[PDB]
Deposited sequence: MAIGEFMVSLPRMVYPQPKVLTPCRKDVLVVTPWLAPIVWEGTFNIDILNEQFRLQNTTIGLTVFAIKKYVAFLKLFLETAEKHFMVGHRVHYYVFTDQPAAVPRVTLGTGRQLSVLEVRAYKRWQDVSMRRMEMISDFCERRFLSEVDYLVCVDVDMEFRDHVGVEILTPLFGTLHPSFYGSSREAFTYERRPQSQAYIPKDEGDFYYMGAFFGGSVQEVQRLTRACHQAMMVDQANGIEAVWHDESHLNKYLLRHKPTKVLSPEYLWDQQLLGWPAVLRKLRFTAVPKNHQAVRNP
């Protein structure tokens, strides 16, 4: 569940935080609207784990595996079992056109998988629709990702919050003018060159189920009006996700540790961990 009030923790012993030592001297760890930007070295996972365990937190994870993409499911699920929200309740939602092609994978206690029988406009619509049909009653937080990926390292409760976006690996060090936002004023996704905090990737976002429903519905509705006007945003649902998060500031921002492609972009020093990466 998601309790209204602060959790009362048991006695815990861990290293004291040091006020006169920054946790990172190389990166920004809080946004100008006071949301944490999640990097290795910013959190004590034992404290967070206990906070979330006490609320009996359930996390849903959606992926779309259509056509040849069903081929990525086995690696995705096996690595999720090793690295995603381990120790917590997880409900995987696999959207697919080939239920019989979904691999048999052994799941840990408190973890389960549902197959949902079935383009970017549609993904937003479908997520929103299934939030209303079932995710709202079944999980507390919903995380939405691409299937052609593998977990290489811990991705846990540190990301959970009402609404989060993830820094796109191509733009985390770029000025706003370089971000590939939709730039036509006719588009619902329009952002001019003097606006923008970050460029978020469409491949990893989430939050409470209700905030995710709201984001995905808003993006779908915006795509529909754009379509009526003969417009398709330059990067489709990702352009709309960016517009949504510009106006509705996320309560956490995930660093590119959470979405990387080592083949394309190597391994810059600011990344102490590569947690979730593209599969060749």
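Missing C-alpha coordinates mark the following deposited-sequence intervals, in order: 1, 120-127, 290-298.
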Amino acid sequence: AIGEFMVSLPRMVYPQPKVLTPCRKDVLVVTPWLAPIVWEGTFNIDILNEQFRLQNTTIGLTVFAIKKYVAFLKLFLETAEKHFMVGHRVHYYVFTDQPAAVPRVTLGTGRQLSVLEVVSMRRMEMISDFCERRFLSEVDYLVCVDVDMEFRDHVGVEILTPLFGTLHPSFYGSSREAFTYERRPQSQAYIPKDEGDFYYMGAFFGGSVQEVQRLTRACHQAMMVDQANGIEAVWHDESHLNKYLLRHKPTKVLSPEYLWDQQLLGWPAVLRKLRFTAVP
From here on, numbers count along this sequence of modelled residues.
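The term rigid core refers to the maximal set of C-alpha atoms that superpose within 1.5 Å between the two forms.
Superposing on the core and measuring CA offsets in 4 other deposited structures of this protein, the stretch of 141-149 and 120-128 with the greater mean deviation is 120-128. Of 226-234 and 38-46, the stretch whose C-alpha atoms sit farther from the shown form in 4 other deposited structures of this protein, after fitting on the rigid core, is 226-234. Remark: stretch with higher mean C-alpha B factor among 125-133 and 69-77 is 69-77. In this crystal structure, the stretch out of 96-104 and 175-183 whose C-alpha atoms carry the higher mean B factor is 96-104. Across the residues 140, 195, 117, 158, the deposited record lists the maximum Cα B factor for 117. Listed residues 189, 113, 163, 85 were ranked by CA B-factor as deposited; 113 comes out on top. Per-chain ranking of the deposited C-alpha B factor places residue 208 in the lowest third.
In the deposited entry, the Cα temperature factor of residue 239 places it in the lowest third of its chain's modelled residues. The PDB entry assigns residue 22 a C-alpha temperature factor belonging to the highest third of its chain's modelled residues. In the PDB entry, residue 54 places in the highest third of its chain by CA B-factor. Among all modelled residues in this chain, the alpha-carbon of residue 145 has a temperature factor (C-alpha) in the lowest third.
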